[PDB]
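Below is one structure; the comments refer to it alone.
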Amino acid sequence: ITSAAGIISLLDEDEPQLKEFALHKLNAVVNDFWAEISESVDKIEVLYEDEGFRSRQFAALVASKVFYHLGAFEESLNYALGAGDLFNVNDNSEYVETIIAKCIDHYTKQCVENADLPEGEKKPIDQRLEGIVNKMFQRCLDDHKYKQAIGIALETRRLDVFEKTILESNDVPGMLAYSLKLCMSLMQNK
Amino acid sequence: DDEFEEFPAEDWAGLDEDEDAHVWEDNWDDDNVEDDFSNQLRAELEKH
Amino acid sequence: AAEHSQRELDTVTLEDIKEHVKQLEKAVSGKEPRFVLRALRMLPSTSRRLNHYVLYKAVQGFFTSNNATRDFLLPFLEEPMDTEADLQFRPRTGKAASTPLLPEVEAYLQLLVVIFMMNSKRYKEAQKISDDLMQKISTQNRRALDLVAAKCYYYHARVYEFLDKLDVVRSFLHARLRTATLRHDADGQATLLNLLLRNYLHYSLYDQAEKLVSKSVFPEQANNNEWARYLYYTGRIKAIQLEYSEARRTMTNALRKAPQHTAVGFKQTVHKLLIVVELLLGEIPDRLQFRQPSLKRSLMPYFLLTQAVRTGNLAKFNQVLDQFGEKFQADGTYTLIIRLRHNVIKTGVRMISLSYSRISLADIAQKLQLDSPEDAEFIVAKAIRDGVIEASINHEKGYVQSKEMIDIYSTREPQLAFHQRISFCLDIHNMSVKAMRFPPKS
Amino acid sequence: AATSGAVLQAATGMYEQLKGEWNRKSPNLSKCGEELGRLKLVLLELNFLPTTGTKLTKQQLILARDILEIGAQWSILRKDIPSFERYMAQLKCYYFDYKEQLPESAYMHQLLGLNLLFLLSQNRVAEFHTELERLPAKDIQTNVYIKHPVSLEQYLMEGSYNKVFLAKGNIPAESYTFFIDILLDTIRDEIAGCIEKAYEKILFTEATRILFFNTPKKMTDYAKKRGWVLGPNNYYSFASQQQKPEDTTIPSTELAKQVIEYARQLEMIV
Amino acid sequence: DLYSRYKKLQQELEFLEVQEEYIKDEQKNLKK
Amino acid sequence: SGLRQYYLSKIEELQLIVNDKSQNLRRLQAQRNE
């Protein structure tokens, strides 16, 4: 409550138990002190960079949360990717939703850029971003909303997941008709 | 209108009547308490 | 006898409210969110002229559908005292009555009710109704709804502040500010930033306020009133810290942007802070503001303080401070006045620099009633480093020489000033041409 | 719970050991350092920093407050500014934010005055005043421990450096002696900066006299540290000219761009 | 359904941009 | 339920942009007709 200065202070002390206590308390109180944390966020960055640490994922998550509060969405996305499974994709929180949207858009743009290039120069895509988008595809399939999965598959140029969603469904002929209509309707790239 | 209710108007507890309410021009230098420029000049002449 | 006048006043108020909801519906239908601002304009007058009969008739006529909110609202209202000439005000007719009302309209009616409850010295139910409204707003997601939610936020914070529970609403405000920033809502951003700054300043969390100000970018397309509030609070923060020049600039802008006729209390507060910060900087505030009828009695202690500062006399300054000690504490400038009480000499050095082109340190000491010229030399050096005076000291002879006045016109500065103003004028013209509407094709 | 009570008992036992180690005629310094080093970790389980008001164990709150108090005093006695800042960051929280239920200590005002003096010594007057605003009005005009930093700051603003240079002798508590020295060094540096920015070709009746250096040669090291030319004896030109920028090149590409933008806005269909 | 709505809105936006450019050019030439 | 909030956010952004563009276009059309 108020201040939120001692928690930040207890981060340079060389003891990876006080460090973890401070990180957990900051994660608890990040939504109300992002401004205070932002000045010292470099400490969490160096903690994440250090491989010797054990709560690297948690440091990444807290840094990503403060950066997302600031507005540096690219940095927040990068640190969320680094945060590993601690980012709970199946969680109904504003931070989760906004970062998920950012990853989806980033992957869409990168895939569209790569598509119109020879296989030699295809720019690499981060496997963590790929995994997040795949998890979202799987959530769509689980919830049975196959049309949304088809749409994002086409947008991201994932013909594999497009085919999988078409086949694994309850109305194969209807999905085929829907996809053919999308193709002979607003889909311009020949 | 956006009446600033948060900031209260100054209380009218005392609300003393205007002392003189003269409306000429105010001006800062009037506050100074001088010493009768006539007397000043007399002293200057006396002391040379 | 006045009962008939009150009844006809209530009828005309009902007609005004019906026009307001019609305007909101037209805004939503036409996809022109800015229309709802027309209805929101009359919020203070409507709050002033609201009455029990007005509220009860309005809710009955406007909540035919979705009667859950009627159930939650009506018990707070008082039943009409055996009304017999009731006209059963029925604005929604047939299909309109059957259909569920719009979220913006429901929010507006809830806002009216909470304002009335607040005006009446009954704050618990005001808080309850406010929390219900905020839950509804959070559940919903629209543009005009956000425009209404701005004022809803303002009055929610107001009721909590009345309750003396401003701390608990801080997290609520922060969460809503984050949602608004993500959704690109300038009005909500501005209102929430102003309310958060007020929250912090109430408890004196100046570091937190400064950090939030630094890390958040105020919306440029904000109402002039929100701009005035933001400028005042930022000037307060900068004045509490040692940024007197920026504080004076921002607060002059705030007073300039405040509404001309109303906002008397805000004007008094900004004026007092401006007086104190100007005295700290070493200038002399203009005397015209000290005789305005509205700001006359309030600023008398500050008038005496300025008098003493100009004719620097620690006896008079201490007398004034001892007399009006409590009012400075009440108004929130006692600490700044305490700083002034020890940096008073700055004004004297400024007057000496303004008057004399080259004066000896002994003469400066004599004029400033100081001790041996060493103290005067140290004070002058401090002022020169601080930038209060453009002068250079020279002890090989023992005098302070004021710097020359440069020909500003030959410099490129006039070009920069005129370019700024030209760009501003061109932007004004472009936006004033884009504001035009030609409606016949509707 | 039984485990909670037992661990509270262990924490208070370690605290009593620290009390014995420190409040004697002479603290062990190193021994108290190790004790605090382990007691920091010990504290974690007794809710070190309540994330919410949620009135918790008063015993835990008091124990944590006292431990951090002794830690800050240990840091000052060990001459460690980083440790002092780290301990004060939490001591301030405990003094200000949980005090609504927890009682008021007897060292609160002394430690706050220590913090204010530390900020002044580091030359953070902005933070100094921001913190001075938090404390009540009466305590800033009554308490002798809070009145020393305020007086020093006021004299520094007034420019009467001699007053503070003689007032170093008076100290409310010996702890302040450490920070008085850094304050004096910083005030010497500020005097040097004022002289450099102001003035022209040295003098000020010799630099040593106004810099309050007992020995004539004591200022030579600092003169070398700063970029001072070291002309004649006690004669260092400050080059206040700042190169006197007189070259002007008529920035033309940018002005052409500005006028072309004017034309674009005048001609384009809005 | 949602994908169709989103892509239809995208096409509408592109068409609106085309129409805006065309109208500005038409105004400029109607002056002449 | 799945990837619905994402679609809705993108659609809302596009709708705001389209409304603004349509209003501007109507003004321009009025001037052109004059």
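The chains in the structure tokens are called A, B, ... from first to last as shown; in each chain the residues are counted from 1, and the ligands are counted from 1 in the order shown.
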Could you give me, as a Markdown table, a per-residue list for chain C showing, wherever an atom lies at most 8 Å from an atom of chain F, the closest pair of atoms and their distance in Å to one decimal, using only C-alpha atoms and sorting by chain then residue number from low to high?
| residue | atom | partner | partner_atom | distance |
| --- | --- | --- | --- | --- |
| C:31 | CA | F:19 | CA | 6.8 |
| C:434 | CA | F:24 | CA | 7.4 |
| C:436 | CA | F:27 | CA | 7.2 |
| C:437 | CA | F:27 | CA | 6.1 |
| C:438 | CA | F:27 | CA | 6.3 |
Would you save the residues of that selection, restricted to N, CA, C and O atoms, as a PDB file, in the first residue's frame?
ATOM      1  N   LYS C  31     -24.305   7.067 -35.287  1.00  0.00           N
ATOM      2  CA  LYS C  31     -22.883   6.740 -35.198  1.00  0.00           C
ATOM      3  C   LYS C  31     -22.048   8.009 -35.061  1.00  0.00           C
ATOM      4  O   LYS C  31     -20.981   8.139 -35.663  1.00  0.00           O
ATOM      5  N   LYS C 434     -13.091  20.964 -41.348  1.00  0.00           N
ATOM      6  CA  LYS C 434     -13.553  19.589 -41.199  1.00  0.00           C
ATOM      7  C   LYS C 434     -14.764  19.467 -40.290  1.00  0.00           C
ATOM      8  O   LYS C 434     -15.520  18.498 -40.416  1.00  0.00           O
ATOM      9  N   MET C 436     -17.383  21.160 -40.464  1.00  0.00           N
ATOM     10  CA  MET C 436     -18.600  21.453 -41.207  1.00  0.00           C
ATOM     11  C   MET C 436     -19.307  20.160 -41.591  1.00  0.00           C
ATOM     12  O   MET C 436     -18.673  19.164 -41.949  1.00  0.00           O
ATOM     13  N   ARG C 437     -20.635  20.176 -41.515  1.00  0.00           N
ATOM     14  CA  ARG C 437     -21.738  19.257 -41.759  1.00  0.00           C
ATOM     15  C   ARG C 437     -22.698  19.862 -42.768  1.00  0.00           C
ATOM     16  O   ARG C 437     -23.124  21.010 -42.628  1.00  0.00           O
ATOM     17  N   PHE C 438     -23.031  19.072 -43.786  1.00  0.00           N
ATOM     18  CA  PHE C 438     -24.031  19.424 -44.791  1.00  0.00           C
ATOM     19  C   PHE C 438     -25.058  18.302 -44.754  1.00  0.00           C
ATOM     20  O   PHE C 438     -24.816  17.211 -45.287  1.00  0.00           O
TER      21      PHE C 438
END
Worksheet item: Could you name the residues that touch residue 296 in chain C at 12 Å or less, counting only C-alpha atoms, but leaving out those on the same chain fewer than 2 positions away, as JSON, numbers by chain?
Response: {"B": [10, 12, 15, 16, 17, 18, 19, 21], "C": [264, 267, 268, 271, 272, 287, 288, 289, 290, 291, 292, 293, 294, 298, 299, 300, 301, 302, 303]}
Fill in: Distance query residue 1 in chain E at most 10 Å, only C-alpha atoms, self and fewer than 2 positions along chain excluded, as JSON, numbers by chain
{"A": [147, 148, 151, 178], "E": [3, 4, 5, 6]}
Worksheet item: Would you give me, as a VMD selection string, the residues in chain B that DSSP reads as alpha helix (DSSP H)?
Response: chain B and resid 37 to 47
Discussion item. Just want the 10 Å neighbourhood of residue 105 in chain A, counted on only C-alpha atoms, with same-chain residues fewer than 3 positions away dropped. Output as a PyMOL selection string.
Written reply: (chain A and resi 99-102+108-111+133+155-156) or (chain F and resi 6)
Can I get the selected residues back with C-alpha atoms, as a PDB file, in the first residue's frame?
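As a result, out.pdb now contains:
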ATOM      1  CA  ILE A  99      -0.842  -9.569 -25.183  1.00  0.00           C
ATOM      2  CA  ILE A 100      -2.551 -12.462 -26.978  1.00  0.00           C
ATOM      3  CA  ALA A 101      -3.900 -10.033 -29.569  1.00  0.00           C
ATOM      4  CA  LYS A 102      -0.443  -8.500 -29.970  1.00  0.00           C
ATOM      5  CA  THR A 108       0.101 -12.593 -38.934  1.00  0.00           C
ATOM      6  CA  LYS A 109       2.333  -9.787 -40.187  1.00  0.00           C
ATOM      7  CA  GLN A 110       5.485 -11.914 -40.141  1.00  0.00           C
ATOM      8  CA  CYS A 111       3.796 -14.807 -41.948  1.00  0.00           C
ATOM      9  CA  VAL A 133      -0.669 -18.907 -31.864  1.00  0.00           C
ATOM     10  CA  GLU A 155      -4.834 -14.858 -42.398  1.00  0.00           C
ATOM     11  CA  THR A 156      -1.616 -16.425 -41.088  1.00  0.00           C
TER      12      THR A 156
ATOM     13  CA  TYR F   6      -9.767 -10.589 -30.558  1.00  0.00           C
TER      14      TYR F   6
END
